[PDB]
Every structure is written in C-alpha cells, then in structure tokens.
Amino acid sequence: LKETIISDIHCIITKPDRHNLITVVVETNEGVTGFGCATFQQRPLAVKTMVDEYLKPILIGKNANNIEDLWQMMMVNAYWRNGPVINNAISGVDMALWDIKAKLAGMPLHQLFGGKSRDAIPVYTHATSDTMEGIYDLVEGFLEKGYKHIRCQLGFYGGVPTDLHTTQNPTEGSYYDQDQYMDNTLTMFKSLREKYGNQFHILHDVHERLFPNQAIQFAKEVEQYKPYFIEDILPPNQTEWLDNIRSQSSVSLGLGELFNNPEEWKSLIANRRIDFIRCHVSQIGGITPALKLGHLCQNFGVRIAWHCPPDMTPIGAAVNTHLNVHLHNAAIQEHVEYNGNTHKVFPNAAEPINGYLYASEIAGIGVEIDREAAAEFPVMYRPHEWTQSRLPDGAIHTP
C-alpha cells in the first residue's frame, strides 16, 4: 500500500423516487473512487453546501488511507460539532474513504472489519395502511416472499382522525389524536395475533407520538402481544422515563434513529434502557463511529437495528449490510423495496432473498451511483408537512 491522495470531492442529490438522496464522491490521484451516503432528506442543499464549501477544501491533497485521523479532524473542524448537517456531510466522506480502502484491498467492505460473524442479516419490511384489511393484504405478500418480521402501522382512516375534538379555528398543521392512535394500535396488534398467531414477528413504530405517561401505559397494554420491538416510544429528550417502563414491563424497546450527539445514547445504553439501538449511520458520522457504537452496545448487551428508511441511498443500505454481517450483535435490517428508477441510479443494489439480506462480495461497498442516470432525477423541494405535527388543542408535538 502507498499513500492515497484525495484529488476531488463531489456531492450529488438525486430523487429517483419519493425522496431526495445525497451521495458523496471522493476521487483520488490514483483513480480509485469512493462513494458514500450523506442522506438528510429534509435539508439536502445544506448538506451539499457543507460538503462543497467546507469539507472539500480541508480534504483535497490529504492521505485517504488514514480514515481515523481524517474523521477525528473533520468532526472538530468547525469547532462546534454534532449535528445532522455536519455529520451527514462527514458520513458521505467517511463511507467513500472506507469504500476506497476496500477497493485498494480487493476486499468486500465487511472483510476489512474482520469478516463475517453471521451468514446474512434478517430483514423486516413495512406494512402501513389505514384499514386492517389493507395491512392484511400487505402482510400476505410479505409472508409469501419469505419475511418473518414485519413493521405494522395502522393510520387514521382517510388521514383524518374520527371526530377530532379540536378548536374553533385550528392553526394549520398535521393533526392527530394520541388516544385514538393508541387504541388503533392496540386493536391492530390484537387483530394481527388473532389472525396470524406467531407466524411472524410484529414491530411497531410509536415514532415519538406520546407523552411519557401515555408511553408507560401503552407499554404495559401492548406487552401481551409480544412485539419484536416497540420503537421510539419516547422522544430523544425524555429517555430517563424509560426506567419506569423497564421496572414494570418486559416489552422490547428500540430507539435512536434521531440521535446525532453521543450524549443522547451514552446514558441510555449504559443503563440498559433499550434493547435495540436504531441510529441512522450518516446521522452519527459514518462507518467509523458506527463500529465504535456497535462495540459499546455489545459491552452492555444491546443489539443493533440501524435505521434503514426509504430516505437513504442503496449505498447506505449496502454499508449497513456490511456492518450487519460483521458486528456480532447486529439483529435485523430494515428494508423497503426500491423502485425501478432507484435501481437505475444505483446499480446492483441488493434486495432480500427469503427474508435475508446478503452482503456484497465484490471489492468495495459494492454499490455506486450512476451519475448520468442521477442527472435525470434531480433534487426537488419538498415541504414535509408531516413534521408540523399538532395535537387537537393546536400545540406542536414531536413528529
């Protein structure tokens, strides 16, 4: 191995389907190119600015071989640090550098880490509908394709909650009722168990919709239905309330997709407040920190379920699968099918086979962006009105 000098950096936003995806490209003097995911779907232009104006200058001419030093240097380079815009930008680079290292080694990414500790990683997918019948229909399809874990969400029929007790002139927003949500959800679990027994594992994402006292009552009522895990039962700033849950309930808990400051998870994990960490790899700054985080969780008996939503590149997904077959405490990989356009833009993206995702076996991450195709699907501004989540009295709730 000789020094590997960074010659250029790029950032490309593309929307082949429903979401703005962000890819970072790292070129080297030697012609070895790396690709990484920097997807913060809500603020893509900020991430691109961060990469283009601030990360490029400090990277050009640097030795890409030393991923650790570059990561430590990048993370503190603005003095102020730890946020979704900065971390995603850094993640894109970090992943590209790891991709370059794997390509230089002639190895699949996970082989650099120490190779596999499992054969493939189990997968769950999303069945979301506004009627139970709509969920049943989705579940049947997934069961036939070989899935044994399914994330199930029952929304309000026609988007609107029933007889919302709201005010005379409600402030504009995306309204919902916490109590009806909890009942719909418990009805959902009850119905699924009556209809499917233990045919598959059921996951549900509370998505930080509840107040702490509501969270604790929900945990106890849902326990009988034995969810594979209940996700984000509280927002990141109220996780101390988990202690009251852990003392009186056996419910399995997942949390963390929102995290982008280590202080959000450190106490959480050291006190065993959750069973599955859910961090979005690019939100925490890339592969480098994800490895360390995996290892910390291992010490405290916490398993891993990285956030793998549709708002993420297949490059990001492939990286997570590499991480998932290597880290001994990885549990399951979230997955939503990519459309034709997405496959065109990121060729060779793996899809689950009989409920399993298999790591890429060529050199590198195994997935890149086809920039000619991406040019055909440029960024498009999206409001994400769902983030303006309001309760019936008009108040914002964490979305």
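Start at 1 and count along the sequence shown; that's the residue number.
Review point. For the stretches 326 to 334 and 25 to 33, which has the higher mean C-alpha B-factor as given in the deposited record?
Key: Per the PDB record, 25 to 33.
Practice item. Can you let me know which of the two, 137 to 145 or 90 to 98, has the higher average C-alpha B-factor in the entry? Key: Taking the mean B-factor of the alpha carbons in each, 137 to 145 is higher.
**Study point:** Options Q153, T321, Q178, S174 - largest CA temperature factor per the record
**Key:** Result of the comparison over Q153, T321, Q178, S174: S174.
Review point. In the PDB entry, which of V160, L109, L258, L210 has its C-alpha at the highest B-factor?
Key: Out of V160, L109, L258, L210, the record gives the largest C-alpha B-factor to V160.
Check your understanding: Once the chain's modelled residues are ordered by C-alpha B factor and cut into thirds, is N339 in the lowest, middle or highest one?
Key -> Ranked within chain, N339 CA B lands in the highest tercile.
Practice item. Please place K226 in the lowest, middle or highest third of its chain by C-alpha B factor as given in the entry. Key: Middle third by C-alpha B-factor.
Point to revise | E361, C-alpha B-factor rank within chain (lowest, middle or highest third) | key: Its C-alpha B-factor, which the entry lists for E361, ranks in the middle third among residues of this chain.
**Study point:** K220, C-alpha B-factor rank within chain (lowest, middle or highest third)
**Key:** For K220, the deposited C-alpha B-factor lands in the highest third.
Exercise for review: Using the B-factors in the PDB entry, rank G115's C-alpha atom against the chain and give the third, lowest, middle or highest.
Suggested key: Middle third, going by the recorded CA B-factors of the chain.
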